[PDB]
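Structure, as structure tokens:
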Number of protein chains: 2
Amino acid sequence: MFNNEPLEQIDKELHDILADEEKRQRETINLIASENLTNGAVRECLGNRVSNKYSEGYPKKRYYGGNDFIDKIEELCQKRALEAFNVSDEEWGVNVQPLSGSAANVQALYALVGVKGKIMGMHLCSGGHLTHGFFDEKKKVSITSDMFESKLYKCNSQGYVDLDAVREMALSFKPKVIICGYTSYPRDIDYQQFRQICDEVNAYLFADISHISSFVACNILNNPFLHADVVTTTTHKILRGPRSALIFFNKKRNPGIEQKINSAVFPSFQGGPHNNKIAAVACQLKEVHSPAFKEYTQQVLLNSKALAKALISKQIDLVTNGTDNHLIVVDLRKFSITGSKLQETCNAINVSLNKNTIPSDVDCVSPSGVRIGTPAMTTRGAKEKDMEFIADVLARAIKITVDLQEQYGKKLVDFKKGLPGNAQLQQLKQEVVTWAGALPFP
Amino acid sequence: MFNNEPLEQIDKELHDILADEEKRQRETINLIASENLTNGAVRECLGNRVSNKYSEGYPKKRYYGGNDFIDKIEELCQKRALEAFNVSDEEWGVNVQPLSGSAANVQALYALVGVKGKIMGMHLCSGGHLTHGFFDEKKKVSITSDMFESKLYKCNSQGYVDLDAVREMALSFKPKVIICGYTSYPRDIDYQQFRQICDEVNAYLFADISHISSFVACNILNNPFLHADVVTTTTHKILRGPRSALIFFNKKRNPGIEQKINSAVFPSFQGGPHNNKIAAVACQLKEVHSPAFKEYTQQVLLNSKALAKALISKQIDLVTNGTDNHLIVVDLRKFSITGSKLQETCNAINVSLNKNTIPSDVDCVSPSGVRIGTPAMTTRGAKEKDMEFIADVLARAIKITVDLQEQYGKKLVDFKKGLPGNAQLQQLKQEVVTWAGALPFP
Ligand SMILES: Cc1[nH]nc2c1[C@](c1cc(F)cc(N3CCC(CC(=O)O)CC3)c1)(C(C)C)C(C#N)=C(N)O2
Ligand SMILES: Cc1[nH]nc2c1[C@](c1cc(F)cc(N3CCC(CC(=O)O)CC3)c1)(C(C)C)C(C#N)=C(N)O2
Ligand SMILES: Cc1ncc(COP(=O)(O)O)c(CNCC(=O)O)c1O
Ligand SMILES: Cc1ncc(COP(=O)(O)O)c(CNCC(=O)O)c1O
Ligand SMILES: [Cl-]
């Protein structure tokens with residue numbers, strides 16, 4: 001007593017939007033530092049009937065039976081996760097149930113500190129995530145600033161983590177968790193110096209490595225597993241999996257952490273796991289461990305180095321004057337254009353990128369940069385020689401954005417009136433589509 | 001730079017567990033009250049490349065561009081939802097971003113009362129959900145009992161909601177939220193008497209209709225939209241959608257609630273929405289508002305009545321002596337078996353059901369019942385005449401379980417040892433597989 005007509009037939013309205021959405025992905029230069037493109041195999045998992053099963057709890061400790069094949073999938077995922085990230089299953093534990101990155105973080109934090117607990121993280125404006133304790137004078141924007149007591153540390157004037165400030169803050173504030181690993185930080189992290197600061201106050205070291213996960217896995221960047229009590233990561237950015245998250249915990253350093261974290265995920269915060277996710281995550285973690293994927297990840301860094309370098313060659317400034325990873329933050333103060341303006345301009349030419357704060361910005365209103373990254377385009381097969389084109393496109397967009405502002409005024413509502421019909425944008429948008437359309441596409 | 005081989009070639013290991021899992025579903029009499037089977041079109045959406053898009057915020061108020069086609073899909077989903085639940089978009093709002101029922105609930109509760117806020121819900125043992133404030137003497141098990149101050153109301157010795165006790169508690173405790181709508185409650189809810197109790201003390205009325213959503217949509221059971229400030233629901237149970245959730249809020253009773261719910265979902269709790277989910281939810285929501293789906297939901301109720309009736313005909317006792325909805329709770333105390341033992345026995349015969357407390361049970365340790373429901377089997381095409389067979393099978397399983405207990409003892413360790421190889425179970429298991437195996441499978 002069900003309708004099994006295909007999606008196109010059942011709901012032609014929804015299907016057109018989706019076939020359009022797909023075309024737009026295929027014809028966009030996607031420089032979102034947090035985005036990627038999943039392969040068919042990962043998408044086959046997400047469409048799998050395993051999502052029908054209710055499997056509350058953990059394997060061999062479930063509330064219901066019927067979970068024999070669900071148990072194998074969940075154990076396979078945790079196993080493959082520990083292997084991919086170079087950790088001993090005797091020393092490290094992994095929970096594969098969090099629905100997404102923010103959930104993963106709020107859960108792991110609650111586990112470690114509980115309600116009212118003291119946490120420290122990087123300010124949003126300096127490259128931290130919302131779930132690292134973000135609040136504002138007006139309101140406690142994140143649950144992590146409300147269900148926890150949070151203090152926030154900034155980067156210095158040059159866009160670097162200021163460890164002297166982290167210590168100064170940690171000694172006066174005396175928290176139970178110090179968060180590191182960030183959303184738009186273009187350099188590697190000194191976990192060693194974090195681990196030393198946490199020891200000095202007796203706080204846990206929490207590394208959120210969502211943006212750099214593949215680099216940690218593949219040993220291209222520093223390893224937070226040598227120093228952290230907990231490591232969280234999303235599976236959908238550079239790692240190239242489905243939308244899900246993983247919480248890692250150091251059993252050896254902290255006996256009794258395993259139960260705290262598992263009980264935080266369930267039944268404190270979640271109900272039933274999403275097994276289609278878990279399956280999809282397993283599929284990708286097998287690909288993550290191949291040397292073929294390390295090839296891909298090295299290329300993300302190569303493309304990102306070239307991009308930074310080609311952008312500097314065109315007198316465009318980058319925060320910290322370069323990058324150690326997949327992402328670049330472009331400082332736009334020399335052109336007198338805000339980030340939103342250049343985002344609008346780039347959207348108008350099928351260039352996907354986001355506005356982003358820089359060190360100088362007081363508030364998060366009117367950010368003076370944009371953030372770009374290479375995972376997506378590197379997945380689409382772009383190489384080091386292709387970054388000059390991207391850099392050229394961004395230079396032309398910056399110029400155009402400057403032209404339009406002088407004509408139409410500073411106000412965004414005024415600025416955008418200049419956008420539709422612009423012959424140079426139509427020309428440029430056209431140039432983008434011809435190049436992007438051609439690239440391979442999973 | 002990716003591998004695009006099909007799931008069977010890329011990962012033969014995972015694919016075999018999934019093909020096996022598919023067999024177990026096809027060959028099980030699934031009476032899990034909270035489970036269903038999605039059609040192909042909904043699974044096409046879950047496997048769609050729309051999951052690649054990062055679209056933080058809400059439509060027309062995104063943090064990035066590139067979200068034209070995502071905005072349409074999210075607007076279509078909210079619209080289709082307000083329609084299905086027969087509410088005017090002028091009077092009601094819906095948020096379509098929650099990743100699951102549990103998340104949705106914790107978000108909505110936070111919106112209304114904030115940290116430390118006072119809530120009231122049904123006890124877990126009496127049929128409430130974990131997210132209705134469940135705690136226990138040893139520990140605050142749910143976050144909803146920890147980040148909030150909760151008090152829990154029982155059902156009476158016959159299994160019914162005891163409104164005098166709710167009033168008795170509401171007047172002394174003075175909460176700001178009273179939760180109604182449950183996980184294992186076989187009868188309809190007196191939403192008006194709840195509204196009467198909340199006005200008397202000035203608390204919000206929260207109805208979690210996850211288990212009974214299809215009935216509310218189809219105007220087969222009482223409509224909590226007439227009385228509630230907030231209505232939450234999952235999309236994956238009787239409604240037959242993907243694993244997602246919906247939060248509804250009544251703007252007219254509470255102007256300025258819209259911003260509270262929307263800001264609680266993001267950025268207080270979640271980050272990026274899962275657009276494949278939203279799409280899926282939209283696809284099913286079109287089906288929910290059809291005469292064909294009303295036919296299905298009535299059939300869920302017809303089956304559940306016949307099942308209750310065939311079980312009583314075999315001298316098996318039901319909590320509240322019957323049902324108004326899709327679910328039955330069997331009281332097993334006359335046979336002197338626990339629910340965990342009958343779950344094990346039914347697992348051995350490919351019968352999916354869960355153990356469940358009854359009013360008499362003091363703790364959640366050793367629940368004396370099992371919970372069954374008809375959505376899954378009604379989806380598989382079973383009619384009212386087929387419930388006698390299911391009743392035959394459950395009566396045969398209860399008999400077998402009492403025999404085994406006599407032979408091997410009351411300890412669960414010992415009980416299971418009698419289960420592998422049992423000639424009658426192999427026999428019964430085989431009769432289940434032949435009947436269930438045949439039925440249509442989406
Ligand atoms: C959306 C997102 N999620 N995690 C983030 C962001 C960023 C962002 C970028 C932007 F331009 C603005 C905001 N916000 C401005 C203040 C808002 C307060 C309110 O909701 O009322 C919260 C969101 C946030 C960015 C990557 C996209 C970002 C920055 N930089 C960092 N570091 O991490
Ligand atoms: C698994 C599930 N999720 N939401 C639920 C349940 C139920 C259940 C059934 C059972 F047999 C046991 C427990 N628990 C026993 C106590 C546990 C506390 C701890 O973690 O130590 C929490 C889970 C819970 C049931 C539907 C499956 C149920 C009951 N009845 C209700 N009302 O709602
Ligand atoms: C460091 C970090 N942690 C957690 C998350 C949360 O992931 P979910 O969206 O799955 O909740 C993000 C998302 N990153 C925001 C961005 O770069 O666009 C992140 O950058
Ligand atoms: C009333 C109610 N509310 C919320 C939820 C949470 O759903 P998620 O698992 O999607 O978080 C459930 C789960 N019901 C469990 C069961 O009936 O088997 C529920 O019964
Ligand atoms: Cl999903």
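Worth pointing out:
- Amide proton proximity set for A:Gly181, modelled H, under 5 Å, gap of 5+: A:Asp208
- Residue order, fewest to most beta carbons within 10 Å, for B:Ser290, B:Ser210, B:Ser368: B:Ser290, B:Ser368, B:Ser210
- Residue mean of other protein chain beta carbons inside 10 Å, B:5-11: 6
- Excluding same-chain neighbours fewer than eight residues apart, the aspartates and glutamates reachable from A:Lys260 by a Cα-Cα span under 20 Å are A:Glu56, A:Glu74, A:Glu75, A:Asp89, A:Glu90, A:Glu91, A:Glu149, A:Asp208, A:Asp229, B:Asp136, B:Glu137, B:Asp146.
- Three semi-axes of the equivalent ellipsoid, the protein assembly as shown, Cα gyration tensor, whole Å, largest first: 47, 28, 28
- Cα gyration tensor, chain B - rounded (a/c under 1.5), prolate or oblate: oblate
- Share of Cα-Cα pairs in the stretch B:36-298 lying beyond 26 Å, as whole percent: 38 percent
- Partner chain coverage, peptide A:97-105 - average Cβ within 10 angstrom: 4
- For the stretch B:362-403 and the stretch A:229-260, distance of Cα centres in Å: 39 Å
- Packing here is the average count of other Cβ atoms within 10 Å per residue, and on that basis the peptides A:379-386, A:223-230, highest first, run A:223-230, A:379-386.
- The residue in chain B that lies nearest, by its beta carbon, to the axis linking chain B with chain A is given here with the distance in whole angstrom as B:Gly47, 1.
- The protein assembly as shown - mean residue ellipticity at 222 nm from DSSP helices (-39,500 (n - 2.57) per run, n ≥ 4, rounded to 500): -13000 deg cm²/dmol
- Relative exposure of B:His326, A:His129, A:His289, judged by other C-beta atoms within 10 Å (fewest first): A:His289, A:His129, B:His326
- Label-point spacing at A:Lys334 relative to the other copies reads 8.6 nm, in ascending order, each point sitting 7 Å out from Cα along Cα→Cβ.
- Per-residue 3J(HN,Hα) values for the stretch A:428-441, derived from phi via the Karplus relation 6.51 cos²θ - 1.76 cosθ + 1.60 with θ = phi - 60°, read 5, 3, 4, 5, 4, 4, 5, 6, 4, x, 6, 5, x, 9 Hz in sequence order (x marks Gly and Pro).
- Neighbour counting of Cβ atoms within 10 Å sorts the residues A:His274, B:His123, fewest neighbours leading, into B:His123, A:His274.
- The other copies place their A:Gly409 label points at 8.7 nm from this one, listed shortest first, where each point is 7 Å from Cα along Cα→Cβ.
- Over the stretch A:274-401 - Rg/Rh using Cα atoms and the Kirkwood inverse-distance radius: 1.04
- Cross-link pairs beyond the 24 Å C-alpha cut-off, checked among A:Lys140/B:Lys118; A:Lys277/B:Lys237; B:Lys139/B:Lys411; A:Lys411/B:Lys251: B:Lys139/B:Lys411; A:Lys411/B:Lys251
- Karplus-derived 3J(HN,Hα), 6.51/-1.76/1.60, for each residue of the stretch B:13-20, Hz, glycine and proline x: 4, 5, 5, 6, 4, 6, 5, 6
- Note that the stretch A:146-158 has calculated 3J(HN,Hα) couplings of 10, 6, 10, 9, 10, 10, 10, 9, 9, 8, 6, 3, 8 Hz, one per residue in order, obtained from phi through the Karplus relation 6.51 cos²θ - 1.76 cosθ + 1.60 (θ = phi - 60°); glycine and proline are x.
- In nanometers and ordered shortest first, the copy-to-copy spacing of the B:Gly421 label point, defined 7 Å from Cα toward Cβ, is 8.7.
- Residue mean of other protein chain beta carbons inside 10 Å, A:258-269: 3
- Peptides A:10-18, B:353-361, A:236-244, ordered by how many other C-beta atoms sit within 10 Å of their residues on average, highest first, read A:236-244, B:353-361, A:10-18.
- Using the Cβ-Cβ distance between B:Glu13 and B:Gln426 with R0 set to 22 Å, the FRET efficiency from 1/(1 + (r/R0)^6) comes to roughly 0.15.
Read-outs: derived from the displayed coordinates by stated rules, not from any lab. Note: ideal-geometry Cβ built from the backbone for every residue, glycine included; neighbour counts use all protein chains shown.
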